[PDB]
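Novice: Below is the file protein-v6.pdb, with PDB, C-alpha atoms (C1' of nucleotides).
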```
ATOM      1  CA  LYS F  22     -57.335   4.241  17.726
ATOM      2  CA  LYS F  23     -54.678   5.373  20.189
ATOM      3  CA  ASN F  24     -52.955   8.547  21.352
ATOM      4  CA  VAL F  25     -49.265   9.411  21.164
ATOM      5  CA  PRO F  26     -48.404  12.167  23.667
ATOM      6  CA  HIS F  27     -44.775  12.661  22.594
ATOM      7  CA  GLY F  28     -43.708  11.987  19.016
ATOM      8  CA  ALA F  29     -40.485  11.998  17.027
ATOM      9  CA  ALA F  30     -40.119  13.764  13.680
ATOM     10  CA  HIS F  31     -38.008  11.198  11.860
ATOM     11  CA  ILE F  32     -37.380  13.308   8.758
ATOM     12  CA  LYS F  33     -35.778  11.185   6.044
ATOM     13  CA  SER F  34     -34.672  14.420   4.409
ATOM     14  CA  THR F  35     -33.365  13.123   1.116
ATOM     15  CA  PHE F  36     -32.633  15.734  -1.516
ATOM     16  CA  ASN F  37     -35.341  13.825  -3.384
ATOM     17  CA  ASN F  38     -37.793  14.636  -0.573
ATOM     18  CA  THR F  39     -38.243  14.996   3.178
ATOM     19  CA  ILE F  40     -40.240  11.938   4.216
ATOM     20  CA  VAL F  41     -41.563  13.236   7.537
ATOM     21  CA  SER F  42     -42.279   9.981   9.387
ATOM     22  CA  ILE F  43     -43.680  10.703  12.823
ATOM     23  CA  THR F  44     -42.690   7.919  15.183
ATOM     24  CA  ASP F  45     -43.986   6.997  18.599
ATOM     25  CA  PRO F  46     -41.320   6.816  21.337
ATOM     26  CA  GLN F  47     -41.478   3.027  20.962
ATOM     27  CA  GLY F  48     -39.868   3.298  17.532
ATOM     28  CA  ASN F  49     -42.877   2.767  15.269
ATOM     29  CA  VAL F  50     -43.732   5.179  12.474
ATOM     30  CA  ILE F  51     -47.324   5.890  13.420
ATOM     31  CA  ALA F  52     -47.674   7.940  10.223
ATOM     32  CA  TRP F  53     -45.525   9.647   7.616
ATOM     33  CA  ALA F  54     -45.871  12.444   5.073
ATOM     34  CA  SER F  55     -43.363  13.092   2.285
ATOM     35  CA  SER F  56     -43.382  15.454  -0.679
ATOM     36  CA  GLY F  57     -45.200  12.861  -2.768
ATOM     37  CA  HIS F  58     -47.599  12.236   0.109
ATOM     38  CA  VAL F  59     -48.714  15.842  -0.241
ATOM     39  CA  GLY F  60     -48.443  15.329  -3.999
ATOM     40  CA  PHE F  61     -44.948  16.486  -4.964
ATOM     41  CA  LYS F  62     -43.003  14.319  -7.413
ATOM     42  CA  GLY F  63     -39.968  14.823  -9.604
ATOM     43  CA  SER F  64     -38.495  18.279  -9.130
ATOM     44  CA  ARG F  65     -41.500  19.314  -7.037
ATOM     45  CA  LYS F  66     -40.659  16.394  -4.757
ATOM     46  CA  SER F  67     -37.344  18.207  -4.202
ATOM     47  CA  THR F  68     -38.701  21.754  -3.912
ATOM     48  CA  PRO F  69     -38.440  23.564  -0.558
ATOM     49  CA  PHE F  70     -42.211  24.077  -0.502
ATOM     50  CA  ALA F  71     -42.750  20.319  -0.493
ATOM     51  CA  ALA F  72     -40.755  20.252   2.756
ATOM     52  CA  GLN F  73     -43.128  22.375   4.795
ATOM     53  CA  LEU F  74     -46.092  20.745   3.059
ATOM     54  CA  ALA F  75     -44.938  17.250   4.060
ATOM     55  CA  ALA F  76     -44.055  18.350   7.591
ATOM     56  CA  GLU F  77     -47.400  20.103   8.045
ATOM     57  CA  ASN F  78     -49.359  17.106   6.743
ATOM     58  CA  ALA F  79     -47.470  14.805   9.108
ATOM     59  CA  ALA F  80     -48.152  17.175  11.999
ATOM     60  CA  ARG F  81     -51.847  17.275  11.090
ATOM     61  CA  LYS F  82     -51.920  13.490  11.323
ATOM     62  CA  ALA F  83     -50.043  13.908  14.616
ATOM     63  CA  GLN F  84     -52.793  16.114  16.024
ATOM     64  CA  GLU F  85     -55.315  13.637  14.594
ATOM     65  CA  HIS F  86     -53.606  11.086  16.877
ATOM     66  CA  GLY F  87     -53.321  13.741  19.587
ATOM     67  CA  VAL F  88     -49.584  14.352  19.216
ATOM     68  CA  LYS F  89     -48.386  17.733  20.492
ATOM     69  CA  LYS F  90     -44.848  17.472  21.888
ATOM     70  CA  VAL F  91     -42.329  16.199  19.330
ATOM     71  CA  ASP F  92     -38.554  16.064  19.188
ATOM     72  CA  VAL F  93     -37.212  16.406  15.665
ATOM     73  CA  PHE F  94     -35.092  13.567  14.227
ATOM     74  CA  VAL F  95     -33.813  14.840  10.883
ATOM     75  CA  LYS F  96     -31.915  12.382   8.665
ATOM     76  CA  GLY F  97     -29.352  13.205   5.975
ATOM     77  CA  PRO F  98     -29.235  16.514   4.103
ATOM     78  CA  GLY F  99     -31.972  17.425   1.676
ATOM     79  CA  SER F 100     -34.382  20.149   0.609
ATOM     80  CA  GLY F 101     -36.130  21.945   3.458
ATOM     81  CA  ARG F 102     -34.527  21.069   6.782
ATOM     82  CA  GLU F 103     -35.372  24.178   8.809
ATOM     83  CA  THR F 104     -38.358  24.631   6.487
ATOM     84  CA  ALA F 105     -39.923  21.356   7.604
ATOM     85  CA  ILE F 106     -38.794  22.243  11.139
ATOM     86  CA  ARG F 107     -40.868  25.398  11.394
ATOM     87  CA  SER F 108     -43.685  23.764   9.444
ATOM     88  CA  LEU F 109     -43.918  21.207  12.246
ATOM     89  CA  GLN F 110     -43.569  24.081  14.721
ATOM     90  CA  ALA F 111     -46.485  25.896  13.061
ATOM     91  CA  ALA F 112     -48.556  22.708  12.712
ATOM     92  CA  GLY F 113     -49.110  21.667  16.327
ATOM     93  CA  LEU F 114     -45.706  20.045  16.997
ATOM     94  CA  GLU F 115     -43.302  22.261  18.915
ATOM     95  CA  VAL F 116     -39.639  21.850  18.029
ATOM     96  CA  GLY F 117     -38.473  20.289  21.279
ATOM     97  CA  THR F 118     -35.018  19.102  20.226
ATOM     98  CA  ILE F 119     -33.302  18.870  16.838
ATOM     99  CA  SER F 120     -31.037  15.904  16.088
ATOM    100  CA  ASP F 121     -29.170  15.200  12.845
ATOM    101  CA  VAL F 122     -29.766  11.435  12.640
ATOM    102  CA  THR F 123     -27.442  10.757   9.735
ATOM    103  CA  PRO F 124     -25.496   7.525   9.133
ATOM    104  CA  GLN F 125     -21.737   7.824   9.647
ATOM    105  CA  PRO F 126     -19.787   5.075   7.923
ATOM    106  CA  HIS F 127     -16.449   6.123   9.369
ATOM    107  CA  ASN F 128     -14.440   5.235   6.259
ATOM    108  CA  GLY F 129     -16.366   2.026   5.716
ATOM    109  CA  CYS F 130     -18.272   0.665   2.725
ATOM    110  CA  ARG F 131     -17.843   1.560  -0.951
ATOM    111  CA  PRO F 132     -20.555   3.491  -2.808
ATOM    112  CA  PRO F 133     -21.051   3.936  -6.552
ATOM    113  CA  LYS F 134     -18.510   6.123  -8.274
ATOM    114  CA  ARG F 135     -19.852   9.545  -9.313
ATOM    115  CA  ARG F 136     -22.004  11.655 -11.651
ATOM    116  CA  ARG F 137     -20.893  14.271 -14.186
ATOM    117  CA  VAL F 138     -24.197  15.859 -15.260
TER     118      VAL F 138
ATOM    119  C1'   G B   1      70.808  23.149 -63.384
ATOM    120  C1'   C B   2      66.173  22.020 -66.980
ATOM    121  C1'   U B   3      65.392  28.908 -72.271
ATOM    122  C1'   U B   4      61.770  30.398 -67.547
ATOM    123  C1'   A B   5      58.404  27.502 -65.358
ATOM    124  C1'   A B   6      56.881  22.991 -64.798
ATOM    125  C1'   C B   7      61.136  19.213 -63.922
ATOM    126  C1'   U B   8      65.610  17.002 -62.185
ATOM    127  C1'   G B   9      69.956  16.637 -59.493
ATOM    128  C1'   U B  10      72.955  17.889 -54.532
ATOM    129  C1'   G B  11      73.213  18.048 -49.560
ATOM    130  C1'   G B  12      70.483  19.194 -44.913
ATOM    131  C1'   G B  13      66.725  19.253 -41.709
ATOM    132  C1'   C B  14      63.589  15.510 -41.518
ATOM    133  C1'   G B  15      62.615  10.597 -40.856
ATOM    134  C1'   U B  16      58.477  12.640 -34.569
ATOM    135  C1'   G B  17      59.637   6.009 -33.565
ATOM    136  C1'   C B  18      61.591   1.659 -31.463
ATOM    137  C1'   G B  19      65.562  -0.652 -29.015
ATOM    138  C1'   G B  20      70.193  -0.752 -25.599
ATOM    139  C1'   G B  21      73.216   1.212 -21.820
ATOM    140  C1'   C B  22      73.327   4.962 -18.202
ATOM    141  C1'   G B  23      69.924   8.552 -14.281
ATOM    142  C1'   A B  24      66.244  10.719 -11.506
ATOM    143  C1'   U B  25      62.923   9.258  -6.979
ATOM    144  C1'   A B  26      58.470  14.710  -7.087
ATOM    145  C1'   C B  27      54.159  11.603  -8.367
ATOM    146  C1'   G B  28      51.524   7.287  -9.580
ATOM    147  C1'   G B  29      52.370   2.438  -8.644
ATOM    148  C1'   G B  30      54.902  -2.265  -6.081
ATOM    149  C1'   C B  31      56.978  -4.067  -1.416
ATOM    150  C1'   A B  32      57.475  -3.789   3.854
ATOM    151  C1'   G B  33      54.751  -1.344   6.830
ATOM    152  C1'   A B  34      52.609   2.297  10.492
ATOM    153  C1'   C B  35      48.275   6.017  12.085
ATOM    154  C1'   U B  36      43.107   7.295  13.017
ATOM    155  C1'   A B  37      40.036  12.156  10.457
ATOM    156  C1'   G B  38      37.783   8.147   6.223
ATOM    157  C1'   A B  39      34.976   3.663   6.810
ATOM    158  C1'   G B  40      33.222  -0.040  10.148
ATOM    159  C1'   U B  41      31.949  -2.032  15.417
ATOM    160  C1'   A B  42      30.039  -0.699  20.966
ATOM    161  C1'   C B  43      27.827   1.979  24.789
ATOM    162  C1'   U B  44      23.499   4.804  26.089
ATOM    163  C1'   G B  45      18.579   6.902  24.355
ATOM    164  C1'   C B  46      15.529   9.377  20.481
ATOM    165  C1'   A B  47      10.857   9.168  15.868
ATOM    166  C1'   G B  48       7.444   5.416  14.191
ATOM    167  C1'   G B  49       1.731   4.815   9.409
ATOM    168  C1'   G B  50       9.196   0.283   8.171
ATOM    169  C1'   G B  51       7.444  -4.395   6.991
ATOM    170  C1'   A B  52       5.472  -9.000   7.963
ATOM    171  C1'   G B  53       2.607 -12.311  10.718
ATOM    172  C1'   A B  54      -1.638 -13.778  14.501
ATOM    173  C1'   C B  55      -6.097 -11.574  17.444
ATOM    174  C1'   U B  56     -10.087  -8.183  17.809
ATOM    175  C1'   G B  57     -13.817  -3.849  16.903
ATOM    176  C1'   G B  58     -18.105  -1.692  15.584
ATOM    177  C1'   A B  59     -19.676   2.506  12.638
ATOM    178  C1'   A B  60     -21.817   1.922   8.167
ATOM    179  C1'   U B  61     -23.949  -0.420   3.894
ATOM    180  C1'   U B  62     -26.839  -4.095   1.847
ATOM    181  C1'   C B  63     -29.519  -8.477   2.530
ATOM    182  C1'   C B  64     -32.169 -11.343   5.833
ATOM    183  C1'   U B  65     -35.772 -11.577  10.755
ATOM    184  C1'   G B  66     -40.036  -9.402  13.902
ATOM    185  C1'   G B  67     -42.652  -5.132  14.250
ATOM    186  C1'   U B  68     -45.335  -0.142  13.487
ATOM    187  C1'   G B  69     -46.675   2.202   9.537
ATOM    188  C1'   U B  70     -48.078   4.484   5.151
ATOM    189  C1'   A B  71     -48.775   5.317  -1.803
ATOM    190  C1'   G B  72     -44.975   6.471  -2.398
ATOM    191  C1'   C B  73     -39.843   5.819  -2.936
ATOM    192  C1'   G B  74     -35.459   6.348  -5.657
ATOM    193  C1'   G B  75     -34.501   8.365 -10.660
ATOM    194  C1'   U B  76     -32.991  13.445 -13.402
ATOM    195  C1'   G B  77     -32.269  19.914 -15.977
ATOM    196  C1'   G B  78     -37.100  16.928 -16.549
ATOM    197  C1'   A B  79     -38.277  12.490 -17.712
ATOM    198  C1'   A B  80     -38.580   7.149 -18.253
ATOM    199  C1'   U B  81     -36.469   3.061 -17.227
ATOM    200  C1'   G B  82     -36.713   0.253 -11.324
ATOM    201  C1'   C B  83     -39.826  -1.091  -7.342
ATOM    202  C1'   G B  84     -43.885  -0.630  -4.180
TER     203        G B  84
END
```
For this file, write the structure as structure tokens.

Specialist:
Amino acid sequence: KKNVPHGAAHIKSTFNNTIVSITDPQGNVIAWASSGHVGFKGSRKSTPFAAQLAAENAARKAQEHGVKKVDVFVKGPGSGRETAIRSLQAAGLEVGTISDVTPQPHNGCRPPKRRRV
RNA sequence: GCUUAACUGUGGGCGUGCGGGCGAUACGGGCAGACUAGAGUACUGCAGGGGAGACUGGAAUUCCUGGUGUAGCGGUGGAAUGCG
């Protein structure tokens, strides 16, 4: 295989789930673990417990590829931001730095309209 | 006065008007005007997302291109449509 000394916790933290993609500094997701990856789907995909489970599974894969030092790259808001953060902290990946990597269309494109249920 | 009354006669006021002559010049108005407070013009600056026209930007989205890289992603109160 290979070893990644420093990783990046690219957390696609959708309210649906926190896809914790660990990425080498090159910019390649060496592995990822989401709520479904642990086994959480539907509402359980969006439960806070799924967040630390996904983060911990990703960090276990990180150790499996010898990853210890990771800076945290959290995407948009979801379920279990700080939860996945201290999961990664408690799973062999120290926090390093936290960065809210969220897209900012500064009054740009048009989305769908809305939901009323 | 009609027996009274109803009713009729008599004369007034009334018929508010119009027309003609005569008057007034406060006001309207007409004429001749005049004045700048009104209005309109200049000078000098002040606010600018007032508009129009021509040029440019990248966020961002999606798609497309090359990767790494997974069996999940998104879906909802949950689902199942949808895809991998």

Novice: Running the PyMOL selection byres ((chain B) within 7 of (chain F)) on this model by hand, what would come out? Give it as a PyMOL selection string.

Specialist: chain B and resi 59-61+68-70+72

Novice: Within 9 Å of residue 70 (chain F), counting only C-alpha atoms (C1' of nucleotides), which residues show up once you throw out same-chain ones fewer than 2 positions away? Write them as a list in words, please.

Specialist: residues 56, 65, 66, 67, 68, 72, 73, 74, 75, 100, 101, 104 and 105 of chain F

Novice: Could you take the residues named above and write them with C-alpha atoms, as a PDB file, keeping the file's coordinate frame?

Specialist:
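Full text of part20.pdb as output:
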```pdb
ATOM      1  CA  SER F  56     -43.382  15.454  -0.679  1.00  0.00           C
ATOM      2  CA  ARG F  65     -41.500  19.314  -7.037  1.00  0.00           C
ATOM      3  CA  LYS F  66     -40.659  16.394  -4.757  1.00  0.00           C
ATOM      4  CA  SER F  67     -37.344  18.207  -4.202  1.00  0.00           C
ATOM      5  CA  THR F  68     -38.701  21.754  -3.912  1.00  0.00           C
ATOM      6  CA  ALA F  72     -40.755  20.252   2.756  1.00  0.00           C
ATOM      7  CA  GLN F  73     -43.128  22.375   4.795  1.00  0.00           C
ATOM      8  CA  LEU F  74     -46.092  20.745   3.059  1.00  0.00           C
ATOM      9  CA  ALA F  75     -44.938  17.250   4.060  1.00  0.00           C
ATOM     10  CA  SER F 100     -34.382  20.149   0.609  1.00  0.00           C
ATOM     11  CA  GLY F 101     -36.130  21.945   3.458  1.00  0.00           C
ATOM     12  CA  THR F 104     -38.358  24.631   6.487  1.00  0.00           C
ATOM     13  CA  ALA F 105     -39.923  21.356   7.604  1.00  0.00           C
TER      14      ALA F 105
END
```

Novice: Box in all listed atoms of region 48-63 of chain B, axis-aligned, with 5 Å more on each side; write out centre and edge lengths in Å to one decimal as lines of an AutoDock Vina configuration file.

Specialist:
```
center_x = -10.2
center_y = -4.2
center_z = 9.8
size_x = 48.7
size_y = 29.2
size_z = 26.0
```

Novice: Taking (-33.9, 20.1, 22.0) in the coordinates of the supplied file, I want to know which residues reach to within 10 Å of it, counting all atoms listed in the file; could you give the answer as a list in words?

Specialist: residues 91, 92, 93, 116, 117, 118, 119 and 120 of chain F

Novice: To one decimal place in Å, what is the distance between CA of residue 28 (chain F) and CA of residue 98 (chain F)?

Specialist: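 CA of residue 28 (chain F) sits 21.3 Å away from CA of residue 98 (chain F).
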
Novice: What is the distance between CA of residue 81 (chain F) and CA of residue 59 (chain F), in Å to one decimal?

Specialist: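 Between CA of residue 81 (chain F) and CA of residue 59 (chain F) the gap is 11.8 Å.
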
Novice: Take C1' of residue 74 (chain B) and CA of residue 61 (chain F) and report the distance between them in Å, one decimal.

Specialist: 13.9 Å
